[PDB]
Each structure stands twice: as structure tokens, then as C-alpha cells.
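In: My complex, part one, positions kept as in the full thing:
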Amino acid sequence: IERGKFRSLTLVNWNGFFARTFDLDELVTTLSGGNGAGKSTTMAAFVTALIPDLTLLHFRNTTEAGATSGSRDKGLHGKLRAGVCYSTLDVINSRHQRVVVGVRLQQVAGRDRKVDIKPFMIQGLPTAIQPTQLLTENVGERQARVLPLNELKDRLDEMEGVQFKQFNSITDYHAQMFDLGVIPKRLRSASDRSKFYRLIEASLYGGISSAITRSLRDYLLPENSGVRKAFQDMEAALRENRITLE
Amino acid sequence: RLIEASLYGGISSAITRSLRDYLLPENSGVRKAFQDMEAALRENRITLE
Amino acid sequence: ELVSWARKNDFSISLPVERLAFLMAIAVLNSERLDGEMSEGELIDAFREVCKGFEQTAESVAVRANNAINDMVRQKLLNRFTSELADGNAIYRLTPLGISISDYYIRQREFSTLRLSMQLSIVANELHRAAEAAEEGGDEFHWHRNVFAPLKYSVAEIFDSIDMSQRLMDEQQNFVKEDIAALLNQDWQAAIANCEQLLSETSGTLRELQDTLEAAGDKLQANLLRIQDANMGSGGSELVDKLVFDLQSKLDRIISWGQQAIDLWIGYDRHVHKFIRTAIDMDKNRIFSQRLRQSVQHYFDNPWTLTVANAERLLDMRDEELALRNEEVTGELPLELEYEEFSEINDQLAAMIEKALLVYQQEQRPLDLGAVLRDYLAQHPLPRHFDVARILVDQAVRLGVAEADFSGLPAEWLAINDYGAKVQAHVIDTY
Amino acid sequence: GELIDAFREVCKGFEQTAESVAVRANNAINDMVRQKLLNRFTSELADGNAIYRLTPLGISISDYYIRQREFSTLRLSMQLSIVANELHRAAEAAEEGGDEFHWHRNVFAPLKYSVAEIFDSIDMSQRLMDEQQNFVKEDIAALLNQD
Amino acid sequence: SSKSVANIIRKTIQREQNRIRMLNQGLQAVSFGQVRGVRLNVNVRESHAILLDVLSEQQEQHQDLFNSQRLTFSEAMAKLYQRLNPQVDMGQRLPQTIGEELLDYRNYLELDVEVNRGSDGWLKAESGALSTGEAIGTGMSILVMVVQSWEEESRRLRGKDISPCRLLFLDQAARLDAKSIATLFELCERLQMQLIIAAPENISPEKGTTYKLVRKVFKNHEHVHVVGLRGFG
Amino acid sequence: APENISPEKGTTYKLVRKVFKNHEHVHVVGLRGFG
């Protein structure tokens, strides 16, 4: 079988990036540049596109990886510019379907460095349409402008064959992505989402993540309900015996 | 802590917390002045009692 | 994936009371038929009789009979064969689906434990025989005829039969629950003893079935592991393993149910007692129940409502509404990606140095980094010298070790050029 | 808890939404329970607080065509061999004799159930062959239309 | 009931041990520093095997502990675990939580990561006894095995026609040398795993695609300029 | 630094691990003065 692939990553109105699309590689994509180039920003934007759960997203420095820094800030807000921003993934499914998943990010006005995230998906987009252009409107002389979610919905609905969906919960977002062969595990419960984010977070910083090795049992071995049922049966028996004894 | 923070590099957490302990020396003059104030208070309390 | 298979199959089933009765009569006659053949001349008679019993005449007898037979044939219930000599010039036979539908209702009742014991004994004999045949061994054909034809079919069929017995017991449990429920409606306080007996007999029957099941589960498992051990006697016995892996679960599964059902029933039982201890104890005469029923029926003739505490909820301050940042950001769109190429000068230099140095390894000549570096750096301009030295060292240290490094005598910093370049390395001796 | 999931999946495959998934699933399960297709047991701890099991009629119907339509002669031979062994054993046990309980446990429990079941299995194999004959007739009839 | 419990735990443990032991052969002697191979060690814990034996055969002998009104079932299990096998010397963790932990079958298996460091055989992998590159390689091996296991488990729910996408990251790749990066590349390609790596210097010039980013201050704001790179010119 | 960077100023020490007499040994080479 032909495994699906991540074609490209698009960044809109990000810190440093206005509208930039990196075409990913079949095997390895490398990013270089002096300190502060913005590679970590690209990684963060990708992972935000993958797991938009705001509770999990925490972009600590590679130094103090997992060491509590008490900054009170997850670091995502400072990585976005004012206004609308987008982070999208084009994926070729094993069914050879081009699906553009993505999220609209937006800073929340106020002293708190808080952000709002709204996921979305597009199916059936023609292979000739690039997300960078799809998400921007050419206004002025070579001066494209970004358009909000409502405008994007209007633009896409006017097209033929493209199906756009907007999710009210990251749960359905993950469910749809899993349905299209994008996620290995079905993140039905919040614990599954936490484990998934733990895996990608350990990968990003690389190496032996303390939490992983500490819960390797939970991460590898599957949960069994028969043992739980048997223990509950024994619990009920013991409770009845105690009732009788008392 | 100083040496290991240098070794691993980065903004060390403990150093960041105890910045005041690390970058500021301990002055005995203020402690002596406070001891004198406490002695004066003790004498005042004894007189009042 | 089976959803599309079912969708394209297009199967669906329909048996009104008359069609179902005709099918049941056909099954009964086939059971009492001598040689297991049914000509349509008797099918028409059976349909006439069933329609007469049901007392309905939509059309003539013949047309109704023909329509029903054709419907059942196309509904995959009967199979027709053209034989002119047969009465009616056709012979009809029940199809597997028809047999299943008919016997779903018609089977002899089978809850007796003597049955379960006899199937277990038959299974024990056949399983032991198959295990011994496998252990003895043989060629591919012998392996087949001893472990794939006899074992597979027999064990599958009889485990299915045992499971069917368990399902029949499940049906009996359901029927006894319904009987208890109906009895408590008719006698109330006087059915307590009847219900307690019925519970007693059902519990005893369940316990005896569990005992009979566990009477042979362990040894059958042992024989199955023995067959697993003997299976590996040939490379083509893969399929056998599947059965030796499949026939495991079923057995254990069966035993599991034999306890699980009791675990369920011993639970349900308690509830019944609780009901008797709670529902009827305070309603011995049931009068409260009828009076509640009439109150429900005639409530709105005196509509009354109860009073409950409704303390106020602690009103709180709404957090400030969150307003996002909107600025209509605009900017230049990136051009087409440019490109740059990597310089392989260092690769060429490394190849040069490796070729120049391989002679030392070939001849096992003692290599002195000082002299070699001093000689070789003369061929390059000063700014490149460093980028050479490093590379040369990288190439030199892969070739053996220096024995002096274990002497505890530090080496000196030998100069390798003008301008003040120095090197510290012992002679490389042990290649 | 798994029956509802299975009904959701089948309904999704069939692409029809008369009502919500839950109401359709509940109606179908209740209909099958009352139609003598499933048996329900109340167990609070179970996912969904209920345990369902196929009834004999449901088992028979399902296996109407999703059983193997077995035509291999090696099968028929192995059932015949099993029958031969069991029948000979029962005959020898009867010939040896015994009390009423021995007569029962040797000629009524083992013989009756086993022989009935396996003769029914052999008849079922013959019926499957009848189905195959019908299918080959239909295949010939369709082929003669095309070539 | 206690006997049935112990039996089901034993069966589940055996099944999981077999599955993991079969999976272990999915590794092909990765070369990272002095680490030559990575392996998963699954073993039933004797401290818990004794507990299973006591539960399955000698439940009654300790009823005095079980039927105490002071102890809940979790606390009763914890106290029983304390009673037998007293040399484990658990820490300051409370009886309630340790009992709750005892109620999960997975706990009963020691599941650890072994590495064939140099020529010392297979040793337990402790971050405190491994170089940075060795630890990074071991962590990547663990993550790839975990994602493989997740894919395998979901093989039933998913359709037969879809293979989920595979992608991981590695920031500050400069911590790895050329040999380690080549080993990582060969592993990822053998496992059809996509990788996004970052390093100030182009550490992988002759494989996959590469980009270089340069940040420019521009009219009191910032812009990132991206340029593709190619192996040869 | 694992060979990635080559600071021209100061002392540099190239290290390579090997097996000699069935013992782990770090072959060490030194350079300095460049620049």
C-alpha cells in the first residue's frame, strides 16, 4: 500500500513569515539558518496545526526542556502577529486524495497573551490550487491580503467540488483526520490527545523524554477491560462479604 | 549551580529564581543596624513593662 | 468492509403469518417425509391446508399457492428442480436459510445436561484420536486426512452444537424471567413461593451446566495444546495452527459464558428478592398500587403539586468578553524559490589526503603527525592551513593507535609550520 | 456499547439518515430483541449497562449465507468418519449393557445428540451442494446470453 | 472471584509478553555512538507473581486484612502486597495510590529499554549513563516503535485501503554527528518515516530537501527569506 | 562541539574512541596557534 504523505506546510501572518509555503520532502526536510532564524517557529506552527489543543501546546526552549520555567506563557502568542493567521497542511492520502487541514489562529486582545484557534478542513481542492494563494486575496499591485474564515468559506463554497468543514471541537477534527489516514491513533479521549502531544513533543526536543520512559507501559501496552471487570467483580464480592461480617 | 548552568547553557531556572541571592552580596551592616534596633526595642519594652 | 458486500448482496427477508405457517408445515412434512423430497403436488396441498386454517381468501387457492412458492424460491427459501414425472412436474427442497428459519422455532427442547455430557464425551474421543494421529505423524496426505478433514469439521460442528445448547439455555432463562414477571402480576403476595422455587431451579440448572462444562474444559485444553505441539511436524500444517488457535478461544469462550451467565443471573435473582422485600412488603395487599394507578388516570381531577426547596443560585460577575485582534494584514507575497549549491572542495581535499595517507597503513610505517603535517601544509596557502590540518588528523586517527599514550609521558607540541602552528600527538605505531 | 457502534458503522456505510444514529440504533436493537434475534441481559458494569447475545434464530439466519457454503468432499468424508467412530462406540456400549443410568449415559445422551447434529450437518452439506447446482445453472444461463 | 481475577491477569500478561517479544525483532541493530542496538525487555515481576499466586490459591489465609473496615479494597491490596514480598521497600507513596496502581495489569510487567552499548552486552538504558547522541538515537527508536504499535492497534478500525501518515521532528540536530544522522536517515526511510530536522548548519547536504532561512530587519519589523539549497553545483 | 564547528583561535582537541587490548580508549590529538 502507498502510505499518505505531508506535501507542504503553509504559514500565514506568522512572526517573520507573511505567507510562506515550505514543500516537505518524501523522506527528510531540513531547515538551516543562524540562531533566531525561525526554524523552531515553523515546528511550533506545524504542531499547532496537528494538535490545536491549547492546554497541551507549550513551547519551552530546547534548554529547560521539561524544566518548569514559571514564565506563565506558553510562548505561542508571541509567535503570531496581530490580526488573522493560518497554519495548514496538505496531505496526500493513501487513496491519493489531497486534503488541506488547517487552523486559524488569532491573538486575543488584552494583557493576557491568550490565543484563539479554530480548526478546519478542505477536501477535493484541485491540485493546481496552492494554499498560499487560496488563503490570500490579491488586493492592490502585487500586494495580496489575508482573508478571514468567513471570507474563506464564501470563496471556497463558490468553487465546485471543494468541500469545506469547520469544526466546533478538536475532537471531531481529530476524528476526521484519523478517518483520512492522517493520525495513527484515534484520539477519542483527552488522555489520548495528551499522549499524542507527549510523543510529538518528545520528538521535537528529541531524545529520552522523562514522561515517555516513565509511562512506557501506558504508551506501548494496550488497555484491557476484562481485567477491570474481574477486579470489579472481586470488589463486589468483598463488599458483600464485609456487609455480612459487619 | 553556576558551573552546571554554564555547562548545559541557557537561562538556568534556579539562577533565574535566585538572581537576587546570586548577583547581590550579603551586607553585614544592615544586619548590625537591625540588631541595634532590636536591642533598642528590647530596652523600650523592658522599661514599659 | 462487509457493509458494501451486504449492500451489493441486496438480500432482505419477509414472511407474513401465512407464508411462515406454510414454511413450517413444509418443514414438518419434510421431517416426516420418507426420502426427503417434496414435489410441488404436495406443496400446493400444504398451502391449501394452511390457507384454509388461516381463513383468508384474497384470490383463488392456486394463484396464492403459486405466488407464495415463487416468492419463497426467489426469497432464497426453496430450491426447485424440473422433473416431469414428479407430481406437479417439479421437486422442491428447503434451502439452508429456510432450514435455519424453520428450526429456529421448531427444535426439540435441549436443556438436559445429559446432552451436554454426551457431546463433551464425543468431543473428547474425537479430539484425543486426532491428537494421537497428529503426534504419530505422516506425509502431507496423512497429515491432511488425520488432522484437517476429521478434526476441523467434527470439532467445529460439535463446538457449535455446545454453543447452541448454551443459547437454548439463554432462551430458557429469558422465558423463566418472563414467567416470573407474569406470575407476580396475577398473585402478588401469593406468588412469592412460586418465584422462589423457579429461581431455585434455574440457579441449580445453571450451576449444573457450569459444573458439566468445567468437567471437561481443562483436559480438552490439554489435548488442544498437545495438538499444537504435534502440529509443527510439517511445514504445510499452517491451517491446522489456525484451528489449534481458533478452537481454543471458542472452548474458553464457552466456559466463560458458563460462569458469566451465572454471574448475571445470581445478580438478577437478588433484585427479584429485593423487589419482593421492597415492592410487595409495603404493598402486601397491592391496594396502594391500584390506588396509585387510578390517581394517575384521574390525577387532573385534583391536580396537586409538591413543594421543594429552591434556594437561589449565587449570581456571579461575567468575565470580560474576549475580543480578538483584527488588522487586515497585507504584504508582499514571496517570489519563486531561488537555489544555492554546496561546495565540495573539502570532499576533494579529503579524498586527496586519504589517498596520500593510505600508504602508511599499507606498509604499516610508523606515522608521525608532526612531520607529515609539516610536509603536507607546505602545499597550501596559509589561510587554508587549518582546514587541512583538521582533515588530515581526521584521516590519521582512524589508522591504528599510538602505543606511547599508555606510557604516562606527555607528548610535546611540535611546530608544523611558520606563523606559530603546533601539534600534540604521539607516533602512531599499533596499526 | 459495541452494538451501537456497529449500527452506526453499518448505517454510515448504507448512507441513509432517517433520524439520529442513537434513535435508529435503539429501535433496531429493540426490534431484533422482540423479533427473537437478540437476547438482552441487564449488567450495570457493562459498557452501556447491557449485554447482548445472538439467539438461535439469529445464529441460523446469519449463517444462511455467511457460513461457508461448504462443497469439499474431504469435509463429507471427515463427518462420515466421525459418525462412524461415534456410532460404533455407542453400538458397542449398548451391546455391553448396563443399568438404566448406564443405558442412558451410553445410548441416549451421547448417541442422540451427536448423531442428530452430524446427520443434520451432512444434510446441510447436501443442501449447500443444491445451492451450488442452482448457482451453476444460473451461471450457464447467463453465459449463454453473452457468448 | 479472586481466582478468576488472577487467571485473567495471567492470561493477559502472557499474551502481551508474546506480542512484545514478537515485535522486538522489528529492529535491525541501529548504529548510534557506542550503542549498537535497542531492545525492549518485558518480564513478569516476581514481586507481583507472588501476589498473583497468593490471590489465586491463598485468598482466605489473609482475609483478616481484606475484611477490615479501615481499609478499602485498593488499600487492602496495597497492604497485602506489603505483607508478602517485604524487601521491595516502596517509598512514601500512600497505600491508596499504590493499590490503585496494583489494580492495573500492565504494572505487573517490568517494561524497560536495553541497549547493546559497545561490547558490554545489553544494559538498561539510563539517561545518566549515555551520551547525548546515544540518548537521542535511543529516544527516536522508542518513538518509532511506539508509533508502529499505535498503527498496528488501529489496523482493525481503519479501512483496509489507508495507511496513516508518519512524521517526526528533531530540533538542534547539530547535536548528532554524521554517522548518527546517516543511521537515522536509513532507519526512517526503512520505516517510511518522514522527518523534519533543524540545525544552524546544513548537517544533511546530500539527502532529502533543504531550506535556509535568513531573518532581516526591515522598516522596523522583520521578514524571513527562504532559499532552497542543492547538493551539488 | 561534535566536529560541526571549527573555531580557528585557541586550542583544539580531536578525540576518537576505539577498542584496544579489549579496552575502550580515547585517541587524542591536539592543535593550537592557528590564526
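Out: Done, it's in. Residues are numbered from 1 along each chain as shown, chains lettered A, B, ... in the order given.
In: And the helices in the stretch 51-200 of chain C?
Out: C:61-74, C:96-106, C:113-136, C:140-147, C:150-187, C:192-231 (DSSP state H, counting those that start in this stretch).
In: er, chain E I mean
Out: For chain E, helices defined by DSSP state H occupy the ranges E:2-24, E:46-57, E:63-66, E:73-83, E:95-102, E:132-153, E:178-190.
In: Ok, which of the helices of the stretch 51-200 of chain C comes nearest chain F?
Out: Proximity to chain F (Cβ to the nearest Cβ) singles out helix C:192-231 among the helices of the stretch 51-200 of chain C, at 43.7 Å. (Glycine included, C-beta is placed from N, CA and C.)
In: Work out the gap between the closest one and the centre of the chain.
Out: Centroid separation for helix C:192-231 versus its chain: 24 Å, with Cα atoms, centre = their mean, to the nearest Å.
In: what's downstream of it, the next helix or strand?
Out: helix C:238-275 (DSSP states H and E).
In: quick check: angle from that next one to helix E:2-24?
Out: Calculated by axes from the mean of the first three to the mean of the last three Cα atoms, to 10 degrees, helix C:238-275 forms an angle of 150 degrees with helix E:2-24.
In: list the buried ones in helix C:238-275?
Out: Neighbour-count burial for helix C:238-275, counted by 16 or more other Cβ atoms under 10 Å in any protein chain shown, picks out C:240, C:243-244, C:247, C:251, C:254-258, C:260-265, C:268-269, C:272.
In: middle-most residue in chain A, spatially?
Out: Centroid-nearest residue in chain A, with Cα atoms, centre = their mean: residue A:50, separated by 1.8 Å.
In: what does chain A put close to chain D?
Out: A:225, A:229, A:232 (Cβ under 8 Å from any Cβ of the partner chain).
In: okay, chain G goes in next:
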Amino acid sequence: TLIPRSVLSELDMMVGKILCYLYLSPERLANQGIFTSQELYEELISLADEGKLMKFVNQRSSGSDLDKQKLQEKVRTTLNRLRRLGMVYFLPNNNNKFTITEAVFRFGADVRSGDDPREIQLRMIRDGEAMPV
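Out: That brings us to chain G, laid onto the chains above:
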């Protein structure tokens, strides 16, 4: 009262009386105390007057299935409120199934005494047990 007071709706009385019936009804013994809202509605319509009970759901109902669904939803809402009152417990994982509690017996306080209904109603209202509507 220093703590405010409130009275259940007439539909709440219907569902509570029905719930008491189910607690005392042996026909549903197989359920073992676990009941679904659908069964509760079926029993309610069996014992009550379908259309005349529906009249309260909407004044202009005449058996329209839209109003039928409205009555089902109203019954579900009243069941949730009673759950809030402790008369019924949803199952640890299921909000579509529930187990009855003995508190429901209060819905029969007007009939627990074998006397004339019109005197017991006055006694209760005097005691504050039940106000009228």
C-alpha cells in the same frame, strides 16, 4: 421559610407517579431497575390520556407527530430535572439510562393513606406537603 420554595410542574407529577409505578411494577423486573426514557414515555402514554395529556404540551395539538416529539422532549427535560432532585440516577457512563430511587415514593403521598382523596389533599396542603395549581 428563610430558604425560597418551589413546586413541581403537573408534568413532573405525571412522570413521578409513573416512576413510582415502575419502581413497584413487576412486569419490568427484567430491566433490573435500569430504564430508558423511551420505556418511560411508552408507559406514560399507556396509563395516561395521550391527546388530553398532550394538550398541556401545546394548546393546539391534535396528534401531530411534531407535537409528539415535543412531548417526548418535554418528558426528557422533566426527567433530567428529577435527576437533579435525586429521584433518579443516571448510570455512571450513560445519561440515556437510569435507576430509580425510593424518593419517588413521595409522589404517592396523596394515596398512601386509605381515605377519601379530597380530605387527604387538604391534609397535605395544610402540612405544606403539596400546594394546588
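In: Take the buried residues of helix C:238-275 again, chain G included.
Out: For helix C:238-275, a neighbour-count test (16+ other Cβ under 10 Å) marks C:240, C:243-244, C:247, C:251, C:254-258, C:260-265, C:267-269, C:271-272, C:275 as buried.
In: and that helix, anywhere near chain E?
Out: Yes - between helix C:238-275 and chain E, judged by Cβ under 8 Å from any Cβ, the touching residues are residue C:259.
In: so, in contact with chain D or not, that helix?
Out: Yes - counting by Cβ under 8 Å from any Cβ, chain D has neighbours in helix C:238-275: C:264, C:267, C:268.
In: quick one: contacts for the residue of chain G found nearest chain D?
Out: Nearest residue of chain G to chain D, counting by Cβ to the nearest Cβ: residue G:32, 3.9 Å away. Applying Cβ atoms under 8 Å, 6 or more residues apart in numbering or on different chains to residue G:32 gives the contacts C:267, C:268, C:271, D:42.
In: Kindly present the residues you listed as JSON lines, with separate columns for distance to chain F.
Out: Putting those into JSON lines (distance: Cβ to the nearest Cβ, whole Å) gives the following:
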{"residue": "C:267", "distance to chain F": "66"}
{"residue": "C:268", "distance to chain F": "70"}
{"residue": "C:271", "distance to chain F": "71"}
{"residue": "D:42", "distance to chain F": "66"}
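In: For the residue lying closest to the residue nearest to the centre of chain A once chain neighbours are set aside, the count of nearby residues, please.
Out: Leaving aside its sequence neighbours, residue A:50 sits nearest to residue A:200 (Cβ to Cβ, 6 or more residues apart in numbering or on different chains; 6.8 Å). When neighbours are counted by other Cβ atoms under 10 Å in any protein chain shown, residue A:200 registers 19.
In: Contacts only, for residue C:295.
Out: G:17, G:108, G:110, G:111, G:117 are the contacts of residue C:295 under Cβ under 8 Å, 6+ apart.
In: longest helix of chain G?
Out: Under DSSP H, chain G gives helix G:65-84 as its longest helix.
In: Chain H next, sequence below:
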Amino acid sequence: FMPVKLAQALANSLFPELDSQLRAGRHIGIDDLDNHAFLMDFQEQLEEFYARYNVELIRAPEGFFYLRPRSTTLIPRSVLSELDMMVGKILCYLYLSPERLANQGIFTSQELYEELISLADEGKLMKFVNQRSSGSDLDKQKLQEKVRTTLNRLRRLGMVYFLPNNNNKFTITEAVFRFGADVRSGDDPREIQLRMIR
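Out: Okay, chain H now, added to the rest:
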């Protein structure tokens, strides 16, 4: 056991009414002499008693006491509408200094209605009544009725003391400062209040 002074405070005959009004969210200011003195005296223990409920007994800088529910509050919580906070800020503004010459501490529903209409933006008013409305009689009547309802809701909280009669004319208490903004050095209270409201 129990703290002795806590037992004394709970046993006091004033405790039932005050407890009911607190659990109802009412704010106890300096006007309620007996209740305010009781809370002043026994705060050190009622704070613990109401912290047992995962609620905080807060004495505002103005002085009035109230209960703030945490996320884990054991007292059924509720949230004021948007119109409720808007009206609260309007009254906080109206707790003004020229107010003394304007209404002498006694306002009428008409004052609040006119202030709300003139001061608030049209979009929020429509959001209050309904989006599709645009300057109509029925919509304005419904808005006035909702204004009266929220005024009653505030009265329940002790924010507004109605002058006793069916007619709508009341007085504003100091506790209304809860809706108010923080005061900085030299800031005009009017300006900061209006900036918050806008």
C-alpha cells in the same frame, strides 16, 4: 472539633438571614449596620467557613462583603447577562459627584434607560433584545422590560435599594463599585468609567 469563635458566629441569631443572602450573592455594605458589624467581627472565621465551600469571603476596598465562587464552588453558581453588567456599570457611573446635585442619591428608571440608550452602542442593544431589530417600538418596550428585570435582579443582589413603592425609583449603594474600574493617580473617574463602558 470546631473553632470556638466560628461556633459563636454561626450560632448568632443574625446568621441564618445573612447566610441566605450571601449564598444568594447579596453584597453586605456599611448600610446594613448589624450585618456589617457582625461580618467585621467574625470575618476571620466566616472566611474559613465559606472556604470549606470552595468560595471566598471578600471584603472589598470600599468595605462591603461578598462571596466569590471558585471554579470548584459548592454553591450552585450562575452568571449575569451582558445587559446585567452593562446596567451595573451604568449605575457605577451614576454613583457620581455631581450626582449629589443631580438626583441627591435617588434615581428613576427613566434616568437609567436614557443613559443606557444614549451611551451604549446600537449593536450591543440589538444583541440584548435581538439582532434583527432596528429602532422599533416593540423592541424598545421589550428592552425596557428587560431593563426592569435586570434592575430587580440587581436589587436581589443589594446593588440597588428600591424606594418602597411599585414605581421604579431607587438609590445606588457603594457596593456598585464592583462594576467600577481601578483608580489611578490623577485619573478622572468619569473618564475611566466611560472608557471602560465604551
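In: once more on the buried residues of helix C:238-275, this time with chain H?
Out: For helix C:238-275, burial by neighbour count (16+ other Cβ under 10 Å) applies to C:240, C:243-244, C:247, C:251, C:254-258, C:260-265, C:267-269, C:271-272, C:275.
In: same question, stretch E:20-38
Out: E:20, E:23, E:30, E:31, E:32, E:33, E:34, E:35, E:37, E:38.
In: Run the chain-centre distance for stretch E:180-196.
Out: Centre-to-centre, stretch E:180-196 and its host chain are 18 Å apart (Cα atoms, centre = their mean).
In: Name the residues of it that are buried.
Out: Applying 16+ other Cβ under 10 Å to stretch E:180-196 flags E:180, E:181, E:183, E:184, E:185, E:187, E:188, E:189, E:193, E:194, E:195, E:196 as buried.
In: What lies in contact with the longest helix of chain G?
Out: Contacts of helix G:65-84 (Cβ under 8 Å, 6+ apart): G:9, G:11-12, G:15-16, G:19, G:37, G:40-41, G:44, G:53-54, G:57-58, G:61, G:88-90, G:98.
In: Sort out which of these are in strands and list them.
Out: G:88, G:89, G:90, G:98 (DSSP state E).
In: Out of those, who's the most crowded?
Out: Neighbour max across the ones in strands among the contacts of helix G:65-84 (other Cβ under 10 Å) = residue G:98, 24 neighbours.
In: quick one: contacts for that one?
Out: G:34, G:35, G:36, G:79, G:83, G:88, G:89, G:90, G:91.
In: All the helices of the chain, in order from the start?
Out: The chain I'm using is chain A. Taking DSSP H as the criterion, chain A carries its helices at A:39-50, A:131-134, A:149-158, A:170-179, A:190-205, A:210-220, A:226-245.
In: Not quite, go with chain G.
Out: Using DSSP H, the helices found in chain G span residues G:10-24, G:37-47, G:50-57, G:65-84, G:117-127.
In: The closest residue to chain G within the stretch 301-431 of chain C: neighbour count?
Out: The nearest approach of the stretch 301-431 of chain C to chain G comes at residue C:310, 3.5 Å away (Cβ to the nearest Cβ). By other Cβ under 10 Å, the residues close to residue C:310 number 12.
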